[PDB]
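**Q** Build the 3D model from these lines:
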Amino acid sequence: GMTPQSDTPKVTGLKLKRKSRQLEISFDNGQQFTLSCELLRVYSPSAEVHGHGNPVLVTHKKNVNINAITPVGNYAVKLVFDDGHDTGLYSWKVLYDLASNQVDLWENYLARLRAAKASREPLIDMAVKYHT
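**A** Numbers count the residues shown, from 1 in each chain. Right below this line is the structure:
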């Protein structure tokens, strides 16, 4: 159906935790979350589509990290990857859309991986939940 008006909140905090390969976000509305650096790079806002499409089917990474944050257009950030990818872009919508679905859309990779015969690089996490 018709698209939204991009009335998303605007990010007013960004923090890292290389300890556990994660990144933290705050908005100016009284919300925060944390996302996996693995998820960030697989679930790019485009990859090898056409500019603006869904991303490709990707494997885990090994021990990705962030090396800098640099804003763009006052409304998005570059999140330069020490794994060797200093060129990507993150609009505020995208990061919330990941965060609010960071479970179902993660389960996606573990499933499609095996149906796809792709790789499985070293990826540990420690924040697992088991409800519903």
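**Q** Going by C-alpha atoms from here, please, whenever you check contacts or count neighbours.
**A** Noted.
**Q** biggest helix in the protein, by residue count?
**A** The single longest helix within the chain, with elements called by DSSP state H, is helix 104-116.
**Q** What residues of that helix count as buried?
**A** Neighbour-count burial for helix 104-116, counted by 16 or more other CA atoms under 10 Å, picks out 106, 109, 113.
**Q** Which residues are in contact with the last one?
**A** Shown in contact with residue 113 (CA atoms under 8 Å, 6 or more residues apart in numbering): 57-59, 119.
**Q** any idea how far the residue with the shortest distance to the centre of the chain is from residue 131?
**A** In the chain, the residue lying closest to the centroid (CA atoms, centre = their mean) is residue 40, at 2.3 Å. Distance check for residue 40 against residue 131: by CA to CA, to the nearest Å, it reads 24 Å.
**Q** circling back: pull the residues that contact the host helix or strand of the residue nearest to the centre of the chain.
**A** Element membership of residue 40 [criterion: DSSP states H and E] is helix 37-42. The contact list for helix 37-42 (CA under 8 Å, 6+ apart) reads 21-23, 55-61, 64-65, 102, 106, 123.
**Q** what about the nearest residue to residue 71 once chain neighbours are set aside, which SS state?
**A** Nearest residue to residue 71 in three dimensions, chain neighbours excluded: residue 77, at 4.1 Å (CA to CA, 6 or more residues apart in numbering). Put simply, residue 77 is strand when judged by DSSP: H, G, I helix; E, B strand; the rest coil.
**Q** where's residue 77 relative to residue 39, distance?
**A** 16 Å.
**Q** Ok, residue 112 next?
**A** Here the criterion is CA to CA. By it, residue 112 lies 14 Å from residue 39.
**Q** For the spatially closest residue to residue 86 that is not a sequence neighbour, grab the count of nearby residues.
**A** Sequence neighbours aside, residue 80 is the residue nearest to residue 86 in space, at 4.1 Å (criterion: CA to CA, 6+ apart). Other residues near residue 80 come to 18 when the count uses other CA atoms under 10 Å.
**Q** I'm done for today, thanks for sticking with me.
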